[PDB]
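Single chain ahead, written as structure tokens, the form deposited in one PDB entry.
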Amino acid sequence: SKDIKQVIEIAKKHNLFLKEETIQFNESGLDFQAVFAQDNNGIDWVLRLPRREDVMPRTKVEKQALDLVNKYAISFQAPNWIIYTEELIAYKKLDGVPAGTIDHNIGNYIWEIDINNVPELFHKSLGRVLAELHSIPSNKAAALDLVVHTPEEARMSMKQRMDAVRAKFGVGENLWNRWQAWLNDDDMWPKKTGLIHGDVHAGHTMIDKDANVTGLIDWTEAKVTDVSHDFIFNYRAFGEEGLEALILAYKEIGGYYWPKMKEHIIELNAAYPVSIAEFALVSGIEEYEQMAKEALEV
């Protein structure tokens, strides 16, 4: 009840007037508490209540990415932080629903689509969305604090991140030689980079009733690098068929394509343990430590 009252008062201080009976809390994270509420005009909002100091420095990158997408992109919605202070971030909820959500059990997906009959519009729409995203001219930005890689630098980045993980955690033997083989295969690696979302998965892909992707949320991992990261979810969730469907739609609307694109994404997928290990470090959450160690094949 006091939580509810505080939400109302913080929102009110930012001229956001809420229906108290609609206020819903997600379980807080280390960084903020996510809150849902409807305003006095019937409009649904998403609030982030900060739980750490230095809100502006820690959100600079996400906000730069959001600014780029809101300026340039028409095929998808992204959060537009109409309220952006150290005390509150809030945006009008995007249309649609997440295609799936990570549950609070094993962590499997609770799906809004039929995993055994994925609508083909999901892949066609996501391919259009990603092709638009990855061609945004991040260079026209006067200021850019996103990580920015050339193709060569994206490869060196993966090499370094892998060495780093093999030295804090160690890395299984056979997994390493796969990784190193991938790194050393010139023809496999893309010759172009782009602005990526960096955390594309069903929980962040908003869909309409026909499973068109209409929006993307949670842009904290945005950067200019290998576009391949935004294809990984499709491969993991939908296998080779959903990966191929996404690549096809992307290529056919003009997205960057190279002959070994599928094979490269599959090798990047095998490097997924690098990202879990890194999250374990930054978050300090014991569950991700054990998750990282199993994924790294100690």
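Don't overthink the numbering: it's just position in the shown sequence, from 1. Heads up, when I say rigid core I mean the largest set of C-alphas that superpose within 1.5 Å between the two forms.
As the entry records it, the average C-alpha temperature factor is higher for 139-147, out of 139-147 and 222-230. Once the C-alpha B-factors are averaged per stretch, 210-218 and 197-205 rank with 210-218 first.
Residues shown: 131, 89, 99, 106. Highest C-alpha temperature factor in the entry: 106. Highest C-alpha temperature factor among 95, 152, 120, 186, as the PDB entry reports it: 186. Looking at the C-alpha B-factors along this chain, the one for residue 27 belongs to the highest third. For residue 126, the recorded CA B-factor ranks within the lowest third of the chain. Only modelled residues enter the ranking. In the PDB entry, a CA B factor belonging to the highest third of its chain's modelled residues is recorded for residue 181. Among all modelled residues in this chain, the alpha-carbon of residue 111 has a temperature factor (C-alpha) in the middle third. Sorting the modelled residues of the chain by their CA temperature factor places residue 85 in the middle third.
One more form of this protein, deposited in another entry, exists but is not displayed; see below.
Of the residues listed here (252, 244, 39, 62), only one shifts its CA by 2 angstroms or more between this form and the one not shown after fitting on the rigid core, and it is 39. Annotation: Cα of residue 168 displaced by at least 2 Å between this form and the one not shown, core superposition. The Cα position of residue 140 differs by 2 Å or more between this form and the one not shown after fitting on the rigid core. Residue 112 is among the residues whose C-alpha shifts by 2 Å or more between this form and the one not shown once the rigid core is aligned. In the other entry, the Cα positions of residue 285 and residue 79 lie at least 3 Å farther from each other than in the form displayed.
In the other entry, the separation between the C-alpha atoms of residue 287 and residue 203 grows by 3 Å or more relative to the displayed form.
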